[PDB]
Structure formats: C-alpha cells, structure tokens
Protein chains: 2
Amino acid sequence: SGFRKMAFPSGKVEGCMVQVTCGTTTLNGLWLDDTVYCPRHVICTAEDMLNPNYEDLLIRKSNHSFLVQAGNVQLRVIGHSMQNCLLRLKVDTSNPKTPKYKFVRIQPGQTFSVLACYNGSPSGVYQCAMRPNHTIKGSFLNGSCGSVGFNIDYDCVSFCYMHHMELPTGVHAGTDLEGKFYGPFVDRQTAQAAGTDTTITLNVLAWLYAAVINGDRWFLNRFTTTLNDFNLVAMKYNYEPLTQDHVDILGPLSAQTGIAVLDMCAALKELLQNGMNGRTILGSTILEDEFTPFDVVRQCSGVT
Amino acid sequence: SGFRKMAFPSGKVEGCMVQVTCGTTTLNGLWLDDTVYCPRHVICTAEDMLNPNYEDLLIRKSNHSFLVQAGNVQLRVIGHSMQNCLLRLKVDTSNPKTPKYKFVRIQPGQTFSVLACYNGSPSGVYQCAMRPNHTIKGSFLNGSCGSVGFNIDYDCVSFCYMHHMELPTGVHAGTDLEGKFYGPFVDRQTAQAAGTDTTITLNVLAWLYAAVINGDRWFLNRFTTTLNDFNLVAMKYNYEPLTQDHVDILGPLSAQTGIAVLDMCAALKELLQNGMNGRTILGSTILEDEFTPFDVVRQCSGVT
Ligand SMILES: *[C@H](O)[C@H](C[C@@H]1CCNC1=O)NC(=O)[C@H](CC(C)C)NC(=O)OCc1ccccc1
Ligand SMILES: *[C@H](O)[C@H](C[C@@H]1CCNC1=O)NC(=O)[C@H](CC(C)C)NC(=O)OCc1ccccc1
Ligand SMILES: [Ca+2]
Ligand SMILES: [Ca+2]
Ligand SMILES: [Ca+2]
Ligand SMILES: [Ca+2]
Ligand SMILES: [Ca+2]
Ligand SMILES: [Ca+2]
C-alpha cells in the first residue's frame, strides 16, 4: 500500500566512473571499453568559461594534457577527439567492469536515475525526470559535471544524460552521450535561462492510476470529458496538452483498473478545479508528475 | 539551489545479495564472507506462518534443505543456526565481493538507504527513515524479505535493517543484522499494529536549516522561544519533544547559518500555527522530517 520514488541500483554505473583533470579543472568521466567520455569544458580555465572557443582550445592540448584516474590506478590517454559537447579519450586499458550498455536520447517527461559523483567517486543516487523545458530538477554541486543519468533494463544500462551546468533558477542542463544538449543550451557560462515549464499530464494520470491500484479511489467521479474539453482546463492550469497517443499509452493501466482514460481525465479535471482540500494521494498532498506510466507498472506488479 | 532525497550508491551491497529457498518459500539473503543472513520465516509454509514455532521447525531441517543461489552459481550450505529472527547459513565459498562492513543498530529518526530485491536480484534503491514507532515507510512487495538497509561511510558499509513484514497500515517492520526487531513486533502473521507515529522534530529543524543554507529565509521571524514553550506546541501538533541534546546536535548548522536553534524553533512554531499558506520550502509544500542534521551536512557542502 506504499509508493516510493525509486532509483535503479547503481553498481553497474559505479564501476565506470573516473576522474578527469586538465589544468586546475576537475570533473567526472565515463569509462566504457577503451574510451572515457567527459564534458568538453574540462579544458577551459576560469577565464575561458565565459566564451570558450573549444576548437582552438583543444588543438592546444595533447594526450598527456589529460590526467585520468580510476581510483588509485592512473590511465594513460592515447587519443582524443571532440564529439559535439563531449570529449572522447582513448586509454590503453579496457574497463573490465564495462556493463552491457546502450546510448539513448530520452524524451521529455521520461524518467531516469542519476549517480551524483565528485572527483570520480560516486556519492549518491536519485530519480528524476526530463522536464518539458529540457532541464532536470537535480542536486548538483561543483565537481559534479560528468555525472550520468541512466535506466537499466534487464542487464543493459541505457545511458541518457551527462551533467554540464546549472541554470540561474537552480535547475540543471546537460547532454546525451553523444554530447548534444537537451534543450536550447550551450556549454558556455553566458546568460542562459530555462524556458517556461509545464506539468507532465501523462505522468500525473499514471500516478492517479497508481493510487487506484494501491487501493485509493477517493478522487474518482461519475463524470467524463472529451479530450478537447480536458485540454481547455489543462492550459488554464499549465498542464501539457493530452494527446490521443497519451490516451493509448494509458491503455494497460486503464485496463487493469477498469477506469477509462477520459474518466480519469474527468477525475483530474475535478482535482485541478477543487484542489485536494486536505487529502493525500499515495502519501502526497500534491499532484506528482515524475512517475511515468512505465514506472507505475514496474513499481507495483499485480497487487490490483 | 536544489535538494533531493538521495540514496547511497548501492554497488557494494548489490554484490552481496543472494536467493534463499526452503520448500515453496523464497526470499533474499545477505552473503558476507562465508555466511548468508536471511529472515527465519523462510522455513515456514503458508500454514506455518500464523503461529510458527521456529525451534521445532528448524530442528526438522538439514543443510540440504536450504538452496542458496548467487546468480547462476549455486552455493552449498555446510552449516546453519538461528540468531533471534535471522538464520545464519554457512557456505563453502567466501563471497569475493564482500565489502568492508559493520553491523549497526540504528536509532529512531535516523535515515538509511534500502536496496529492494526480488529473487536475489536488486530492483531499486530509495532512502528512508526509522519512524519513532519503529516502522519504515517502505515500498515492498512479496519476494522482498531479506532486502537490507544500510549507510555507507568512507569505504565501510554499515548494515542496519533487514526486511521481514508489512503491517496492516502499509508500513514495514524488520530487524537489525542480529535479528532483533526494531519495535514491539514479532515474525508471525498475527494481528500486529503500528503504534501511533510522531513527526521527527530534530529532522524538520535540520531541514529548515537546509532551506536557509540553500538561500531561503522567508519563514524566519524576530521571535524566540524557550524549550518548554516550544514543546507545548509540539505536543499539540504531534511533534516529538525537543531536548537539550537535540539543540546541541543542531549547533554546527546554527553556527553555519547564524540562526540560534531556539530562534529556528520560534520559526517552526510559527509555521505549525500559521501553515505554509501556499508557499514551499526547498520545493515542498509540507514540513519534511526524513532528513537528519547529518544528511543536510553531506548534501550541501559549504555553498552557504
Ligand atoms: C560542473 O562541475 C559544473 C556543475 C555546476 C556547478 C554547480 N552546480 C552545477 O550543476 N558546471 C559548471 O560550472 C558550468 C561550466 C560551464 C562551462 C558550462 N557553469 C555553471 O554551471 O554556472 C552556473 C553555476 C552556479 C552556481 C555555482 C557555480 C556555477
Ligand atoms: C517477505 O517476502 C514478506 C514481505 C511482505 C510481503 C508484502 N509486503 C511486505 O513487506 N513478508 C511477509 O509476508 C510476512 C511473513 C511473516 C511470517 C512475518 N507476513 C506479512 O507481511 O503479512 C502482511 C502482508 C500484507 C499484504 C500481502 C502479503 C502479506
Ligand atoms: Ca555543438
Ligand atoms: Ca531539444
Ligand atoms: Ca475531443
Ligand atoms: Ca526472538
Ligand atoms: Ca525497540
Ligand atoms: Ca525551557
């Protein structure tokens, strides 16, 4: 009858984390097979970071300009190249811990676990979601760049995020494992702002189905709505528009609970218009939007 | 400027988890050196679980009555004994993954990470606290017994909890790694109830200091209180009494923020009496009590 925000076990990623130093600037990298991935601003100074020109900054570096440390062990760089906003460093040694893995570009609303690291040393793990405005509400200090986000499916680690920067609002920006930013951000410490955020409607709905599956029905009602009438109230309350694709996604959960999706939208509309007036859903006083339909399914298997 | 509930990286514990089967009953065990720890109700049936007599149930078992599986590998049991509510199983093999570790009995209000496991296979990690009534607000399904809670300090894993049961309220009960229950519970599926819970005052205060350190001062005020006058309002709002020891604990945070502890109690009193009336602290609309003073310190290093 309980429901946590749960992270993937982090052991397979812990074995891949390393320290990368260039000058006085240190951050984390990801050691897979004979390659180490890390943010490219490791080659910047304090001065360079306002408006770095990475073309010209990297041509001035050699293999021995990078110092890579896996715990006590020191890795020798034999090669180096830039891929968008990442550096790819080739090392003499192939990481014997390398898990089976994929590089994936995740979509807004999707969730993943973050392994926060400092000086190449894991310090914590937590779950988060790609906001619609392409930031994540993370917990990152200096030293944290190169920390990665990932999902684990079966034996296979799907890396989806590497950490690069914090925006003035306290949220965080980064790239996929090909070094392409999520969002319209760049890895220079100029005046950048997150655009307006929105609540992830599909995820709130999924969470309401979770509440029903764990036995709570108090917010349901006898009304239904059309997609267009629901989206009218969605804009009012800054919720993402609901699409027919989202309705199809919620099919299995709708099948498991016997509550039609647009009936659950009716319920949500009622919750957005009348508040929760002192009551909780799955222990929360607010409408939660960082559980995907897919998270709800793993979390609570049967138990319906 | 952000603040997550963060779990310890789980790799050192993942390497210790195994499957233990006796009859048709399967659960997780903890493999450290040449010993496997697991809940003793693995020897019960569906029938035995109402009122097991474990003395007599265990005398009827041999070494080969237990089947222990570490992944593909099968471990041979050479020995077995009972320690309160745990079974200790001796195996031919010493776990080559065994981390440095301690067995600790944690105190109410203290936090730890849980590695939820099914069939010996880790599935998720999350942070939680020992409630004052000796339960934890976990997320556990069938198959989850033997899942463990732990803190990691330096290189050393301090195991503090092994999971045994769910109470009618949806909260969870278990033992330390010596098999002594936290709380007045027993490992029989009789009519057991959690006693009344209380909010962990020390942790809320710690969290308010966190909010100040991450730059939020809106809830502060010009008033102070005595310990006794604060505890008068604490009973009204079902908060644990504040003691002089708790005040001493909050010293470093008080020193770092310049806000005297009883001034922060004044602030908290004001928050309990006037609500938050639409405002958040560290992103929450409610007063959070599962971060210890010690968690606040690691989370946010300097940044004051
Ligand atoms: C990488 O270590 C660092 C992570 C930042 C640091 C504090 N919290 C984070 O997420 N990234 C940067 O420092 C980044 C480097 C540019 C070349 C992209 N610049 C940045 O994030 O400026 C924002 C900032 C805010 C508060 C303290 C320090 C930096
Ligand atoms: C161990 O696998 C199991 C964990 C329970 C199962 C569902 N959620 C949990 O935390 N422990 C038991 O099944 C326990 C065994 C006794 C001999 C202690 N009995 C129990 O927890 O009964 C409560 C229950 C509630 C809902 C479904 C099943 C059991
Ligand atoms: Ca680019
Ligand atoms: Ca984009
Ligand atoms: Ca319509
Ligand atoms: Ca006993
Ligand atoms: Ca006790
Ligand atoms: Ca007093």
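Residues numbered from 1 in each chain as written, not as in the entry; some residues may be left out. Chains lettered and ligands numbered in written order. Heavy atoms only, no water.

> Help me understand the pattern of salt bridges, please; the structure alone is not making it clear to me.
Following the criterion strictly, the structure yields 22 salt bridges over all chains and no others. Notably, a salt bridge pairs A:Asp56 with A:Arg60, separated by 3.3 Å at the nearest N-O pair. Its relative accessible area of 36% is what places A:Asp56 among the partly exposed residues. Residue B:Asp295 is joined to B:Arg298 by a salt bridge in which the shortest nitrogen-to-oxygen separation is 2.7 Å. With a gap of 3 residues between them, B:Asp295 and B:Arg298 both fall in helix 8 (residues 293-299), about one helical turn apart. (Salt bridge = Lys/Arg side-chain N within 4 Å of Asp/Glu carboxyl O. Buried < 20%, exposed > 50% of the residue type's maximum accessible area, 1.4 Å probe, protein only. Helix = DSSP H or I, 4+ residues; strand = E, 2+ residues; numbered from the N terminus.)

> It is not clear to me how the site of ligand 1 should be interpreted in this structure. Could you clarify?
Residues and elements named next belong to chain A. Neighbouring ligand 1 are 14 residues; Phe-140, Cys-145, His-163, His-164 and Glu-166 lie closest to it. Residue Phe-140 places a main-chain N or O atom 3.2 Å away from a nitrogen atom belonging to ligand 1. Within the contact set of ligand 1, an oxygen atom lies 2.6 Å away from a side-chain nitrogen or oxygen of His-163. For ligand 1, the accessible surface in isolation is 600 Å², of which the surrounding protein chains cover 78%. (Near = heavy atom within 4 Å. Polar contact = N/O pair within 3.5 Å; in protein donor to acceptor, adjacent residues only side chain to side chain. Areas by Shrake-Rupley, 256 points an atom, 1.4 Å probe, with all protein chains shown as cover.)

> Just to check I follow, could you spell out the relation of the copies chain A and chain B for this structure?
Between the two copies of the chain lies a rotation about an axis combined with a shift along it. Aligned on chain B, chain A shows an RMSD of 0.0 Å; the corresponding rotation is 180° and the shift along the axis is 0.0 Å. Both copies of the chain, as the preceding transformation shows, are related through a two-fold rotation axis. The rotation axis passes nearest to the C-alpha of A:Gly11 in chain A, at a distance of 1.8 Å. In this assembly the copies share their binding face: 100% of the residues contributing to the interface of chain A also contribute to that of chain B. (Least-squares fit on C-alpha atoms. Contact = heavy atoms within 4.5 Å.)

> Would you take a moment to explain the sheet that holds strand 2 (residues 25-32) of chain B for this structure?
Pairing between the strands of a sheet comes from backbone hydrogen bonds, and it takes one of two forms, parallel or antiparallel. Residue and element names in this part refer to chain B. Strand order in the open sheet formed by 7 strands is 5-4-1-2-3-7-6, and the pairing between neighbours is antiparallel. Looking at the sheet topology across the chains shown, the edges are occupied by strand 5 (73-75) and strand 6 (77-83). When strand polarity is set aside, the average angle formed by the axes of neighbouring strands in this sheet is 30°. (Pairing = 2+ DSSP bridges. Axes fitted to C-alpha atoms, helices over the stretch in contact; angles between N-to-C directions.)

> Can you walk me through the site of ligand 2 in this structure?
Residue and element names in this part refer to chain B. Of all residues adjacent to ligand 2, which total 14 residues, the nearest are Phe-140, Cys-145, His-163, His-164 and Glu-166. A distance of 3.2 Å separates a nitrogen atom of ligand 2 from a polar backbone atom of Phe-140. The side chain of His-163 places a nitrogen or oxygen atom 2.6 Å from an oxygen atom of ligand 2. For ligand 2, whose free accessible area comes to 610 Å², the fraction covered by protein is 79%.

> Looking at this structure, how should I read the interface of chain A and chain B?
Reports often express the size of an interface as the amount of accessible area lost when the parts come together. On the chain B side, the residues contacting the 34 residues of chain A number 34 residues. In total, chain A and chain B occlude about 2200 Å² of area from one another, counting both sides; carbon and sulfur atoms represent 53% of this. Of all residues in chain A, A:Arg4, A:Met6 and A:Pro9 give up the largest surface area on contact with chain B, accounting jointly for 27% of the area buried on that side. Where chain A packs against chain B, one counts 2 salt bridges. A salt bridge links B:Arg4 to A:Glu290, with the nearest nitrogen and oxygen atoms 3.4 Å apart. Inspection of the region where chain A meets chain B yields 16 residue pairs in polar contact. (Buried area = accessible area lost by both parts, 1.4 Å probe.)

Fair warning: the whole summary comes from geometry, so function is off the table for now.
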